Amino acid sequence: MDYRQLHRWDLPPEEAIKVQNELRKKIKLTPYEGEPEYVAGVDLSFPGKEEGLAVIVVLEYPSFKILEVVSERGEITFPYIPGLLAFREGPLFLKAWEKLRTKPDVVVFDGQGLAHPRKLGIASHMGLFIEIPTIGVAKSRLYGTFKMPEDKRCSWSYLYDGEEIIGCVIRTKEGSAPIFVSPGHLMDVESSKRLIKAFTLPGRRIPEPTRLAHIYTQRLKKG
């Protein structure tokens, strides 16, 4: 699938931030009304320190049937720095995306979207590139304040940055920690919560798109 190379990836940390502050102004938070059909999930495993393995899984909704799965194994140069995950995992994801045949209605990333220091989490960032609605689903908090939701199956709270709602915390599985959901691009808080709740099956903590992308990222790595 195609996309817009909005900028260079070979940037020193301090420069990436500058970029982030410019790209955030181009983000569009908008309702995603309707039932999506093709939903994608993205993730990366790391066979080596400087070697990543990105996987994208396209699912058929509401059947959750796997329709396509592409992957790209490559070098990872940029280090991990909270708030700059995009500059680390972004490039390899895009290379796997160049291999993607079916155009997704929505893409789910294993990371923050709006719930980010500069309001441009890896999900928002990629959305600008691929120009498709995106959602970020992280397994831990990066930014924002919240009241821990009850330990009940669909309990949830809002993630805040002061008075602004930047995402939500959903208990998708009792006994397990909540997940952090936030809009990427062409998405808003209410719609990302609705969609993520619809993409998560009973008994699972992680919504199908990213849950499967992860397993694949791990199976491909190992045997």
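All residue numbers refer to positions in the sequence shown, first residue = 1.
**Q** Between 134-142 and 94-102, point out the one with the higher average CA B-factor as the PDB entry records it.
**A** Mean C-alpha B-factor is greater for 94-102.
**Q** Per the entry, where is the mean C-alpha temperature factor higher: 158-166 or 47-55?
**A** Averaging CA B-factors over each stretch, the winner is 47-55.
**Q** In the PDB entry, which of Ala198, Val42, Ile66, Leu186 has its C-alpha at the highest B-factor?
**A** Of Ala198, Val42, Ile66, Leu186, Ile66 has the highest C-alpha B-factor.
**Q** Where does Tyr61 sit by CA temperature factor within its chain: lowest, middle or highest third?
**A** For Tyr61, the deposited C-alpha B-factor lands in the highest third.
**Q** Compared with the other modelled residues in the chain, in which third is the CA B-factor of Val107?
**A** Lowest third of the chain for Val107's C-alpha B-factor.
**Q** Just say lowest, middle or highest third for the CA B-factor of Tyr32 relative to the other modelled residues in its chain.
**A** Its C-alpha B-factor belongs to the highest third of this chain's values.
**Q** Would you mind checking where the Cα B-factor of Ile76 ranks among the modelled residues of its chain, as the lowest, middle or highest third?
**A** For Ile76, whose C-alpha B-factor we compare with every modelled residue in the chain, the answer is the highest third.
**Q** Splitting the chain's C-alpha B-factors into thirds, which one does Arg171 fall into?
**A** It belongs to the lowest third of the chain when residues are ordered by C-alpha B-factor.
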